[PDB]
Amino acid sequence: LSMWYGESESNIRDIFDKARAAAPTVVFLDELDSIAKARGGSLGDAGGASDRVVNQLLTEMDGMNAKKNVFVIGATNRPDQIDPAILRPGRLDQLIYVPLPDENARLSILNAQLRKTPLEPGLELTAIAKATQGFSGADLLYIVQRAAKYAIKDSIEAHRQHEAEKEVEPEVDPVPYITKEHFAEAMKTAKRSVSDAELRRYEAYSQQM
Amino acid sequence: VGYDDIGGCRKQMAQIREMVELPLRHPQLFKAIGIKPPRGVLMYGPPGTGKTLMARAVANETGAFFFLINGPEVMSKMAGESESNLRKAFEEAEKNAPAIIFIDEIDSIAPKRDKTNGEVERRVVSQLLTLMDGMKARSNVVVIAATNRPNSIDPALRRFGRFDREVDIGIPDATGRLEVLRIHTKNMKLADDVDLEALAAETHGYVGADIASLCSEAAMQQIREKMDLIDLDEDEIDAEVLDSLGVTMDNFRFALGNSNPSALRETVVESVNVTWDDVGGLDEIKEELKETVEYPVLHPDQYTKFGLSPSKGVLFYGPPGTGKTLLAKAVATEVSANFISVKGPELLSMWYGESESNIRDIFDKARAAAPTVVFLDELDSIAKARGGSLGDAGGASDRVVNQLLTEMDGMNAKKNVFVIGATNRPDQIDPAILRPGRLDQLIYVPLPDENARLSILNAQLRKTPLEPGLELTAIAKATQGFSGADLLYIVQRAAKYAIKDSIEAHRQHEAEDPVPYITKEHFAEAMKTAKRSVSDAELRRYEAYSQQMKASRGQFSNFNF
Amino acid sequence: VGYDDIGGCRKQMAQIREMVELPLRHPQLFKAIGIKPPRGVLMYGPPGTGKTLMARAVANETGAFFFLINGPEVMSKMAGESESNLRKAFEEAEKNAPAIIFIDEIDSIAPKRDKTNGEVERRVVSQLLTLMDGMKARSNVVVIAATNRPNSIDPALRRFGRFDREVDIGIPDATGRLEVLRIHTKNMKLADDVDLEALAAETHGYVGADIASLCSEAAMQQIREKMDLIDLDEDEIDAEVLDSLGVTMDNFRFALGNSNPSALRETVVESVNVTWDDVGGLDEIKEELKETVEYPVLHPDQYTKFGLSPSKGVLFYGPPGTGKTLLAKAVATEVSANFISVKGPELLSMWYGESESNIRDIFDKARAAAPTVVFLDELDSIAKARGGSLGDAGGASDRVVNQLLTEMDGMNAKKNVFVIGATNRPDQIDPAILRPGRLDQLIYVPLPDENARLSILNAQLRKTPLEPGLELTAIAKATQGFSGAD
Ligand SMILES: Nc1ncnc2c1ncn2[C@@H]1O[C@H](COP(=O)(O)OP(=O)(O)O)[C@@H](O)[C@H]1O
Ligand SMILES: Nc1ncnc2c1ncn2[C@@H]1O[C@H](COP(=O)(O)OP(=O)(O)O)[C@@H](O)[C@H]1O
Ligand SMILES: Nc1ncnc2c1ncn2[C@@H]1O[C@H](COP(=O)(O)OP(=O)(O)O)[C@@H](O)[C@H]1O
Ligand SMILES: Nc1ncnc2c1ncn2[C@@H]1O[C@H](COP(=O)(O)OP(=O)(O)O)[C@@H](O)[C@H]1O
Ligand code: BEF
Ligand code: BEF
Ligand code: BEF
Ligand code: BEF
Ligand SMILES: [Mg+2]
Ligand SMILES: [Mg+2]
Ligand SMILES: [Mg+2]
Ligand SMILES: [Mg+2]
């Protein structure tokens with residue numbers, strides 16, 4: 001978007017020209033609640049610029065034949081504010097819902113986030129998967145990062161203790177793995193990400209669509 | 001100036017030096033490999049990195065011919081003279097010897113041929129495209145170009161044959177800054193106790209010529225410091241001052257505390273004078289915030305040994321007048337990270353897209369001179385809920401909060417960005433910003449108790465003369481629902497009563513130092529018109545939000561494995 | 001014009017004069033230390049501070065070659081002529097001697113290369129950026145620039161080598177205004193009874209260039225006083241009156257009372273005429289307001305000895321028709337600080353963020369020419385609590401409240417900003433703005449009793465003829481529920 005006249009549509013025009021030039025490609029339109037905003041026609045607006053943006057995106061997305069085979073990917077947080085003119089079958093018809101993780105998906109998230117980490121051999125993640133029911137991957141990453149921060153603080157304390165006892169020898173790191181006490185201390189302030197009413201709104205939208 | 005002066009960008013220097021020297025020293029290797037070497041390189045990056053110094057070292061090292069072409073130096077008033085000047089420059093670079101052409105500031109030469117409205121600029125771009133690639137294009141000559149913005153260059157000029165290799169000379173690392181410090185301090189006698197390694201590890205956003213500015217400011221402060229024992233000496237400074245000058249470490253510390261990076265000169269904040277002991281109470285919150293800021297900027301080796309990215313955001317919320325802005329000032333005044341301060345509705349504008357452009361420019365300046373720490377005060381003005389207003393300005397605050405959500409988590413590298421939120425009402429915040437990954441540390445700053453109000457009263461009365469018999473235990477025990485703003489109001493009313501008594505004693509002494517400290521009667525008269533700031537309903541609302549956040553922490557126990 | 005003419009900015013004067021004078025008198029210190037001195041000055045600040053006077057003194061005393069360049073002076077209608085003019089100017093400055101180049105008003109030849117839309121401006125920016133620091137850039141020449149706004153400059157032009165040391169010639173202090181008064185009143189036959197210390201102490205928010213306007217207005221007032229009594233003699237003026245003219249003290253007092261700072265000329269308050277003796281009753285409220293206003297103004301030494309910041313805010317709430325606006329007018333007449341007044345919805349606009357820009361500009365103008373006192377009338381209008389509407393009007397009143405809370409207590413210096421608020425509805429006020437640091441004194445102005453009723457009856461009847469047998473005690477005792485407006 002630009003404050004000048006014509007540039008706010010010329011940006012979408014030459015971005016889609018660069019997409020049509022390097023075929024095939026993938027155009028990831030992130031956060032479509034700012035481009036494909038709902039109109040709400042009540043005779044009062046800022047002048048009709050978002051309408052021109054939506055119309056330019058519609059006439060630049062309708063000229064997609066079997067040639068040049070581009071693909072447009074969208075990902076929004078609020079699906080209620082998306083235009084039904086851009087959610088029309090024939091222009092953008094697919095709708096994949098990404099739900100909250102289950103027990104096995106949560107265990108897979110906890111196993112994939114701990115790939116390149118020196119984990120303890122006597123440590124299991126099934127208790128973390130079972131004790132947390134309405135959690136998500138972002139706050140699970142927050143839990144793992146707080147455990148890593150506690151392990152780094154313990155390493156710094158052991159290093160300054162070793163320096164004090166040397167000035168007044170352990171291994172290359174006194175805490176070579178993330179212990180269970182670090183996870184038990186990191187899960188003390190482990191809140192959840194999403195509330196309950198947002199899940200009700202997403203379930204209502206999934207039942208409507 | 002040789003190749004031992006642009007250290008810190010050794011990879012890009014080798015990438016340039018290969019395609020300049022190897023098809024010029026021994027071209028038999030390229031004649032035996034079968035094909036032609038690349039004959040084009042475009043330097044792009046931030047200003048003050050060393051691209052012009054690298055081109056000058058290229059012109060000074062090789063013994064071949066060198067032609068210098070500036071940006072707007074080719075333009076002329078005659079109709080058809082800039083193309084003739086370009087053709088004559090290319091013919092002089094091709095006819096004499098295999099030469100190197102340097103095109104400095106190409107942004108005034110290539111206006112991308114789709115946004116300009118003139119004719120001479122398009123003629124110059126078409127002449128450059130003709131002379132760079134075509135029939136009788138180039139006969140064993142190379143072209144180098146330097147610019148500040150790479151996006152304002154023509155896509156036909158950013159093609160193979162004309163400019164195929166785009167070297168990226170970015171900001172240096174700590175070892176690069178140490179190398180630049182060792183280069184710029186090799187022609188001067190500094191000290192026997194100067195530490196360039198700690199100086200390189202102390203700076204965080206300096207790039208290129210800023211280290212030379214630091215060294216020149218330290219030397220200028222040393223010269224202005226070592227000129228007070230002797231007079232002005234307008235005739236001649238004798239030989240006793242010329243020898244054994246010395247540039248100690250205190251000059252470098254003063255020049256480091258009295259300077260800023262060249263990219264963050266626009267958003268420089270006023271230096272408030274607080275310390276960590278000025279913020280009374282909040283010991284665990286202060287320690288957790290201080291370690292969360294200082295851990296990834298001092299020990300990155302443990303963070304890449306564990307293989308995880310550090311935490312970035314932290315949000316303070318609670319009753320107003322508690323110490324959120326004071327904690328932000330204490331972070332701004334003494335922590336080694338660069339500080340970009342911004343108010344809530346400050347970055348808005350009446351045009352269409354200028355608010356999102358200002359948000360993108362603020363975040364780009366934050367991630368440019370990384371590590372920076374950002375203080376987004378009053379998030380409830382620009383970052384509200386989405387879809388809550390029926391009548392609006394065409395959906396602009398939704399675009400603002402979408403730009404904030406995208407810049408805080410998107411297709412970014414996320415090198416080192418520490419955003420700080422201090423909002424006195426956490427209800428109007430969007431639920432997608434309180435998600436971890438953007439703002440994970442939701443720190444509730446509660447009201448002080450009897451053990452914290454005493455420390456607040458001790459920190460607020462740090463730089464004042466006080467009565468030796470006066471105690472603050474009765475003041476900490478009498479007030480139970482008070483705050484730090486109320487204690488500051490009590491202290492200010494006691495100081496106003498002491499100033500009134502002092503000026504009354506001064507007027508009586510002038511009619512016919514009387515008050516050396518604040519007595520007990522001043523505090524007893526100041527504690528009569530003192531009330532609490534927050535009421536009982538807002539405290540109940542904050543405890544209800546805290547209990548809702550703790551109910552979001554359900555099914556948690558000792559957690560046996 | 002010399003170096004003893006720009007007194008008032010000692011640190012900025014020394015910071016300019018160091019790199020101007022020291023690499024020209026004796027370069028042996030720089031030859032021994034090995035490093036090269038900085039060769040760039042950027043003088044930014046408020047308009048009318050002394051940057052052009054500093055450049056003129058540098059041009060007048062330093063014996064090197066000088067070359068002054070105006071802002072839109074190199075611009076020509078030919079394609080490629082402005083850059084040629086800049087190149088010829090720089091080659092003329094480099095050809096003669098080690099010289100000083102003063103490029104004044106650089107906000108017209110540097111539009112940041114991103115917000116502009118032309119091509120000539122970008123080519124002029126590229127010519128300056130190449131000719132100031134490139135290959136064989138500058139052979140012992142120093143560039144000085146002067147600007148009214150430092151933010152609309154290219155960050156590549158705000159770099160080391162081109163413009164590195166940015167001096168801040170800002171708003172002076174009491175001793176700086178005394179130095180400007182002693183400089184500007186050293187050539188006139190002034191008086192034998194005029195003191196400059198009280199004139200420098202009662203002048204608060206002058207930018208340093210209004211002091212000469214003050215002395216010129218005082219001299220013109222004295223000349224106009226001498227021209228009306230004695231005849232003008234339009235053929236030739238009699239030279240007897242020229243030997244005894246002088247400048248008296250009441251001329252300076254009239255010039256002080258008939259002037260204003262140059263930054264507050266757009267928010268000037270209209271001349272109301274009230275008196276502290278014209279506001280009957282409320283003696284404790286009047287003495288508390290006088291204390292709160294005039295303690296950090298008259299005695300800064302006790303506040304900097306105790307090491308504490310003074311209280312600034314005060315709120316007036318109560319029944320209408322009581323004297324809150326009258327107390328604000330009595331403040332606006334005869335305090336020792338400047339006055340900036342607004343109405344309730346006066347600072348609101350229909351665009352997006354223009355009300356925020358108006359709030360930020362009026363608070364920057366209040367804190368720039370410190371000390372000022374701001375009368376925020378109708379805090380019920382300008383500040384709701386938060387989110388009180390079920391359907392929002394675009395989300396703007398909450399942003400106005402947030403900008404008020406940030407400007408009254410945020411990440412600022414907080415030099416001297418007194419906030420006076422007068423409302424008649426304290427239920428719809430934010431508890432975050434009722435909190436100390438912004439508005440701590442919640443002064444309640446009640447209905448008058450019998451003695452306050454008698455004093456307001458004697459004060460409203462101050463300038464009138466009355467019967468000598470008139471007794472106001474029955475009027476003060478019979479009403480017993482009335483107010484000042486009634
Ligand atoms: N990477 C660097 N290494 C060493 N010195 C540098 C570097 N970048 C800048 N400098 C210093 O700054 C001076 C000017 O740098 P220059 O190349 O003109 O800037 P730019 O990076 O904008 O092209 C150099 O002569 C040198 O003293
Ligand atoms: N814990 C505290 N210790 C010391 N002074 C405090 C404390 N809390 C508040 N104050 C004083 O009161 C002022 C108000 O605190 P501040 O951080 O500005 O409030 P808020 O949380 O509303 O942003 C501070 O600037 C300081 O002068
Ligand atoms: N600090 C000062 N000391 C002395 N004279 C000053 C000062 N500031 C302004 N003046 C006077 O103000 C008048 C106009 O100032 P001038 O330098 O032309 O403007 P500016 O500060 O905008 O560049 C001159 O008569 C000048 O002498
Ligand atoms: N306490 C008072 N003392 C003297 N005059 C008063 C008083 N209250 C009201 N008046 C008179 O009535 C007028 C109305 O008071 P004013 O301050 O304008 O209104 P308000 O009380 O609504 O702020 C005053 O201008 C003055 O002439
Ligand atoms: F990159 Be520099 F400013 F020439
Ligand atoms: F007044 Be504070 F910033 F909540
Ligand atoms: F030249 Be001044 F700063 F108006
Ligand atoms: F009507 Be008043 F200003 F209280
Ligand atoms: Mg350059
Ligand atoms: Mg605050
Ligand atoms: Mg000027
Ligand atoms: Mg009123």
# chains A, B, ... in the order shown; residues from 1 in each chain; ligands from 1
>>> interface_residues(of="chain C", to="chain B", cutoff="6 Å", atoms="only C-alpha atoms", output="mmCIF file with C-alpha atoms, in the first residue's frame")
data_model
loop_
_atom_site.group_PDB
_atom_site.id
_atom_site.type_symbol
_atom_site.label_atom_id
_atom_site.label_comp_id
_atom_site.auth_asym_id
_atom_site.auth_seq_id
_atom_site.Cartn_x
_atom_site.Cartn_y
_atom_site.Cartn_z
ATOM 1 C CA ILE C 33 48.394 11.765 17.663
ATOM 2 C CA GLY C 34 48.201 10.496 14.062
ATOM 3 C CA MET C 78 18.764 23.207 -17.109
ATOM 4 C CA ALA C 79 19.005 19.422 -16.850
ATOM 5 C CA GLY C 80 22.254 18.756 -15.008
ATOM 6 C CA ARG C 123 20.670 13.652 -8.271
ATOM 7 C CA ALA C 156 23.712 8.792 4.573
ATOM 8 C CA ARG C 159 27.132 9.939 8.617
ATOM 9 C CA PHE C 306 16.958 18.741 48.237
ATOM 10 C CA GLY C 307 17.345 16.740 45.016
ATOM 11 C CA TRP C 351 -8.485 13.143 10.145
ATOM 12 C CA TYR C 352 -6.614 10.098 11.465
ATOM 13 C CA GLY C 353 -4.063 11.095 14.092
ATOM 14 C CA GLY C 391 -19.860 1.012 19.263
ATOM 15 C CA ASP C 392 -16.596 2.866 18.743
ATOM 16 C CA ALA C 393 -16.200 6.024 16.653
ATOM 17 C CA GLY C 394 -13.033 4.704 14.999
ATOM 18 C CA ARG C 399 -5.838 7.269 21.607
ATOM 19 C CA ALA C 432 -4.819 6.793 35.420
ATOM 20 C CA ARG C 435 -2.950 9.502 39.675
ATOM 21 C CA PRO C 436 0.056 11.521 41.051
#
>>> residues_near_ligand(ligand="ligand 8", cutoff="6 Å", atoms="only C-alpha atoms and all ligand atoms", output="ChimeraX atom specification")
/C:320-321,325,424
>>> interface_residues(of="chain A", to="chain B", cutoff="6 Å", atoms="only C-alpha atoms", output="MDAnalysis selection string")
chainID A and resid 1:3 34 45:46 116:117 127 138:139 191:193
>>> residues_near_ligand(ligand="ligand 10", cutoff="7 Å", atoms="only C-alpha atoms and all ligand atoms", output="PyMOL selection string")
(chain B and resi 324-325+377+422) or (chain C and resi 406+409-410)
>>> write_last_selection(atoms="N, CA and C atoms", output="tab-separated table (two decimals), in the first residue's frame")
chain	number	residue	atom	x	y	z
B	324	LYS	N	6.40	0.52	35.78
B	324	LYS	CA	6.62	-0.05	34.45
B	324	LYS	C	7.49	0.87	33.60
B	325	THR	N	7.13	2.15	33.52
B	325	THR	CA	7.94	3.12	32.79
B	325	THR	C	9.27	3.36	33.48
B	377	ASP	N	5.25	1.62	24.53
B	377	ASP	CA	4.41	2.08	25.62
B	377	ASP	C	2.99	2.30	25.14
B	422	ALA	N	4.01	-1.90	28.02
B	422	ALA	CA	3.62	-1.42	29.35
B	422	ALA	C	2.23	-0.79	29.21
C	406	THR	N	0.69	9.70	28.08
C	406	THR	CA	2.10	9.61	27.72
C	406	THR	C	2.80	10.97	27.78
C	409	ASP	N	3.09	12.13	31.64
C	409	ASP	CA	4.10	11.36	32.38
C	409	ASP	C	4.52	10.18	31.50
C	410	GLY	N	5.67	10.32	30.85
C	410	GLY	CA	6.19	9.27	29.97
C	410	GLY	C	7.69	9.31	29.92
>>> select_by_dssp(residues="segment 3-170 of chain A", states="alpha helix (DSSP H)", output="ChimeraX atom specification")
/A:7-21,49-61,103-113,126-131,137-167
>>> residues_near_ligand(ligand="ligand 4", cutoff="6 Å", atoms="only C-alpha atoms and all ligand atoms", output="PyMOL selection string")
chain C and resi 279-280+320-326+456+484-485
>>> select_by_dssp(residues="segment 392-514 of chain B", states="strand (DSSP E)", output="ChimeraX atom specification")
/B:417-423,441-444
>>> write_last_selection(atoms="C-alpha atoms", output="PDB file, in the first residue's frame")
ATOM      1  CA  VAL B 417      14.516  -7.804  18.797  1.00  0.00           C
ATOM      2  CA  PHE B 418      13.279  -7.169  22.351  1.00  0.00           C
ATOM      3  CA  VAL B 419       9.864  -5.500  22.388  1.00  0.00           C
ATOM      4  CA  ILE B 420       8.534  -4.221  25.729  1.00  0.00           C
ATOM      5  CA  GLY B 421       4.875  -3.468  26.400  1.00  0.00           C
ATOM      6  CA  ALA B 422       3.620  -1.423  29.347  1.00  0.00           C
ATOM      7  CA  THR B 423      -0.176  -1.199  29.247  1.00  0.00           C
ATOM      8  CA  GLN B 441       6.442 -12.826  29.274  1.00  0.00           C
ATOM      9  CA  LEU B 442       3.216 -11.411  30.736  1.00  0.00           C
ATOM     10  CA  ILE B 443       4.648  -9.942  33.945  1.00  0.00           C
ATOM     11  CA  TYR B 444       2.039  -8.722  36.431  1.00  0.00           C
TER      12      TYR B 444
END
>>> closest_residue(among="B:455, B:85, B:96, B:147", to="ligand 9", atoms="only C-alpha atoms and all ligand atoms")
B:147
>>> residues_around(residues="segment 167-181 of chain A", least_positions_apart="4", cutoff="12 Å", atoms="only C-alpha atoms", output="PyMOL selection string")
(chain A and resi 114+116-125+127-128+144-163+185-188) or (chain B and resi 301-302+305-307+558-561)
>>> closest_atom_pairs(of="chain C", to="ligand 9", cutoff="10 Å", atoms="only C-alpha atoms and all ligand atoms", output="tab-separated table")
residue	atom	partner	partner_atom_place_in_ligand_line	distance
C:126	CA	ligand 9	1 (Mg)	9.7
C:129	CA	ligand 9	1 (Mg)	7.4
C:130	CA	ligand 9	1 (Mg)	6.4
C:131	CA	ligand 9	1 (Mg)	9.6
C:132	CA	ligand 9	1 (Mg)	9.5
C:133	CA	ligand 9	1 (Mg)	6.7
C:134	CA	ligand 9	1 (Mg)	5.2
C:135	CA	ligand 9	1 (Mg)	8.1
C:156	CA	ligand 9	1 (Mg)	9.4
>>> write_last_selection(atoms="C-alpha atoms", output="compact mmCIF listing (two decimals), in the first residue's frame")
# COMPACT_ATOMS: atom_id res chain seq x y z
CA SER C 126 23.83 11.85 -4.91
CA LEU C 129 27.00 12.29 -1.10
CA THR C 130 29.67 11.59 -3.73
CA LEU C 131 31.44 14.97 -3.51
CA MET C 132 31.49 14.98 0.31
CA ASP C 133 32.88 11.46 0.90
CA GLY C 134 34.16 9.30 -1.96
CA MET C 135 37.35 8.91 -3.98
CA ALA C 156 23.71 8.79 4.57
>>> closest_atom_pairs(of="chain C", to="ligand 11", cutoff="12 Å", atoms="only C-alpha atoms and all ligand atoms", output="Markdown table")
| residue | atom | partner | partner_atom_place_in_ligand_line | distance |
| --- | --- | --- | --- | --- |
| C:43 | CA | ligand 11 | 1 (Mg) | 9.8 |
| C:44 | CA | ligand 11 | 1 (Mg) | 10.2 |
| C:45 | CA | ligand 11 | 1 (Mg) | 10.9 |
| C:46 | CA | ligand 11 | 1 (Mg) | 10.7 |
| C:47 | CA | ligand 11 | 1 (Mg) | 7.8 |
| C:48 | CA | ligand 11 | 1 (Mg) | 7.7 |
| C:49 | CA | ligand 11 | 1 (Mg) | 8.9 |
| C:50 | CA | ligand 11 | 1 (Mg) | 7.8 |
| C:51 | CA | ligand 11 | 1 (Mg) | 6.1 |
| C:52 | CA | ligand 11 | 1 (Mg) | 4.4 |
| C:53 | CA | ligand 11 | 1 (Mg) | 7.9 |
| C:54 | CA | ligand 11 | 1 (Mg) | 9.6 |
| C:55 | CA | ligand 11 | 1 (Mg) | 8.8 |
| C:56 | CA | ligand 11 | 1 (Mg) | 9.9 |
| C:68 | CA | ligand 11 | 1 (Mg) | 11.6 |
| C:69 | CA | ligand 11 | 1 (Mg) | 11.6 |
| C:70 | CA | ligand 11 | 1 (Mg) | 9.6 |
| C:71 | CA | ligand 11 | 1 (Mg) | 10.4 |
| C:102 | CA | ligand 11 | 1 (Mg) | 10.6 |
| C:103 | CA | ligand 11 | 1 (Mg) | 10.1 |
| C:104 | CA | ligand 11 | 1 (Mg) | 6.6 |
| C:105 | CA | ligand 11 | 1 (Mg) | 7.1 |
| C:106 | CA | ligand 11 | 1 (Mg) | 10.6 |
| C:107 | CA | ligand 11 | 1 (Mg) | 11.9 |
| C:144 | CA | ligand 11 | 1 (Mg) | 12.0 |
| C:145 | CA | ligand 11 | 1 (Mg) | 9.7 |
| C:146 | CA | ligand 11 | 1 (Mg) | 6.6 |
| C:147 | CA | ligand 11 | 1 (Mg) | 7.5 |
| C:148 | CA | ligand 11 | 1 (Mg) | 8.3 |
| C:149 | CA | ligand 11 | 1 (Mg) | 11.9 |
| C:209 | CA | ligand 11 | 1 (Mg) | 11.6 |
>>> residues_around(residues="segment 367-373 of chain B", least_positions_apart="4", cutoff="7 Å", atoms="only C-alpha atoms", output="PyMOL selection string")
chain B and resi 204-205+337-340+363+416-419
>>> write_last_selection(atoms="N, CA, C and O atoms", output="CSV table (one decimal), in the first residue's frame")
chain,number,residue,atom,x,y,z
B,204,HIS,N,27.4,-2.5,20.1
B,204,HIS,CA,26.5,-3.5,19.6
B,204,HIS,C,25.9,-3.1,18.3
B,204,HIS,O,25.4,-4.1,17.6
B,205,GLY,N,25.8,-1.9,17.8
B,205,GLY,CA,25.2,-1.5,16.6
B,205,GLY,C,26.1,-0.7,15.7
B,205,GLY,O,25.6,-0.1,14.7
B,337,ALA,N,22.3,-2.8,25.3
B,337,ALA,CA,21.6,-2.9,24.0
B,337,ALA,C,21.1,-1.5,23.7
B,337,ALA,O,20.8,-0.6,24.5
B,338,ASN,N,21.0,-1.2,22.4
B,338,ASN,CA,20.5,0.1,21.9
B,338,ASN,C,19.0,0.2,22.1
B,338,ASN,O,18.2,-0.7,22.0
B,339,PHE,N,18.6,1.4,22.5
B,339,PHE,CA,17.2,1.7,22.9
B,339,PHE,C,16.5,2.6,21.9
B,339,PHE,O,16.9,3.7,21.6
B,340,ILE,N,15.4,2.0,21.4
B,340,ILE,CA,14.5,2.8,20.5
B,340,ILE,C,13.2,3.0,21.3
B,340,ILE,O,12.4,2.0,21.5
B,363,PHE,N,10.8,-0.9,12.9
B,363,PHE,CA,11.3,-2.3,13.0
B,363,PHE,C,12.5,-2.6,12.2
B,363,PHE,O,13.3,-3.4,12.6
B,416,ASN,N,17.8,-10.3,16.8
B,416,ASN,CA,17.7,-9.8,18.2
B,416,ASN,C,16.8,-8.6,18.2
B,416,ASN,O,17.2,-7.5,17.9
B,417,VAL,N,15.5,-8.9,18.6
B,417,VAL,CA,14.5,-7.8,18.8
B,417,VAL,C,13.8,-8.0,20.1
B,417,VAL,O,13.2,-9.1,20.3
B,418,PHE,N,13.9,-7.1,21.0
B,418,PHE,CA,13.3,-7.2,22.4
B,418,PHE,C,12.2,-6.1,22.5
B,418,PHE,O,12.5,-4.9,22.8
B,419,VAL,N,11.0,-6.4,22.2
B,419,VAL,CA,9.9,-5.5,22.4
B,419,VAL,C,9.4,-5.5,23.8
B,419,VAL,O,9.4,-6.6,24.5
>>> residues_around(residues="segment 267-272 of chain C", least_positions_apart="6", cutoff="9 Å", atoms="only C-alpha atoms", output="PDB file with N, CA and C atoms, in the first residue's frame")
ATOM      1  N   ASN C 260       5.977  38.400  23.467  1.00  0.00           N
ATOM      2  CA  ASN C 260       5.750  36.978  23.680  1.00  0.00           C
ATOM      3  C   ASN C 260       6.894  36.216  23.032  1.00  0.00           C
ATOM      4  N   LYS C 329      -8.123  32.306  35.025  1.00  0.00           N
ATOM      5  CA  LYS C 329      -7.859  33.631  34.469  1.00  0.00           C
ATOM      6  C   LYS C 329      -6.925  34.435  35.368  1.00  0.00           C
ATOM      7  N   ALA C 330      -7.097  34.314  36.690  1.00  0.00           N
ATOM      8  CA  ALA C 330      -6.208  34.990  37.631  1.00  0.00           C
ATOM      9  C   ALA C 330      -4.800  34.413  37.587  1.00  0.00           C
ATOM     10  N   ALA C 332      -3.658  33.215  34.603  1.00  0.00           N
ATOM     11  CA  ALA C 332      -3.230  33.683  33.286  1.00  0.00           C
ATOM     12  C   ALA C 332      -2.881  35.167  33.251  1.00  0.00           C
ATOM     13  N   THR C 333      -3.296  35.942  34.253  1.00  0.00           N
ATOM     14  CA  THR C 333      -2.957  37.360  34.261  1.00  0.00           C
ATOM     15  C   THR C 333      -1.561  37.617  34.823  1.00  0.00           C
ATOM     16  N   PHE C 339       1.562  31.122  29.604  1.00  0.00           N
ATOM     17  CA  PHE C 339       0.239  30.514  29.657  1.00  0.00           C
ATOM     18  C   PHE C 339      -0.144  29.970  28.288  1.00  0.00           C
ATOM     19  N   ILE C 340      -0.599  28.718  28.258  1.00  0.00           N
ATOM     20  CA  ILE C 340      -1.144  28.091  27.056  1.00  0.00           C
ATOM     21  C   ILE C 340      -2.494  27.492  27.424  1.00  0.00           C
ATOM     22  N   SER C 341      -3.560  27.988  26.801  1.00  0.00           N
ATOM     23  CA  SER C 341      -4.916  27.586  27.137  1.00  0.00           C
ATOM     24  C   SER C 341      -5.589  26.909  25.953  1.00  0.00           C
ATOM     25  N   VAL C 342      -6.404  25.901  26.265  1.00  0.00           N
ATOM     26  CA  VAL C 342      -7.217  25.199  25.283  1.00  0.00           C
ATOM     27  C   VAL C 342      -8.632  25.073  25.829  1.00  0.00           C
ATOM     28  N   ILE C 362       1.370  20.777  20.840  1.00  0.00           N
ATOM     29  CA  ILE C 362       1.132  21.769  21.883  1.00  0.00           C
ATOM     30  C   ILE C 362       1.866  21.397  23.171  1.00  0.00           C
TER      31      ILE C 362
END
>>> atom_distance(atom1="atom CA of residue 130 of chain A", atom2="atom CA of residue 207 of chain A")
27.9 Å
>>> closest_residue(among="B:150, B:478, B:14, B:100", to="ligand 5", atoms="only C-alpha atoms and all ligand atoms")
B:150
>>> atom_distance(atom1="atom 15 (O, counted along the ligand's line) of ligand 3", atom2="atom CA of residue 208 of chain C")
8.0 Å
>>> residues_around(residues="residue 40 of chain B", least_positions_apart="2", cutoff="8 Å", atoms="only C-alpha atoms", output="PyMOL selection string")
chain B and resi 38+42+142-144+161-165
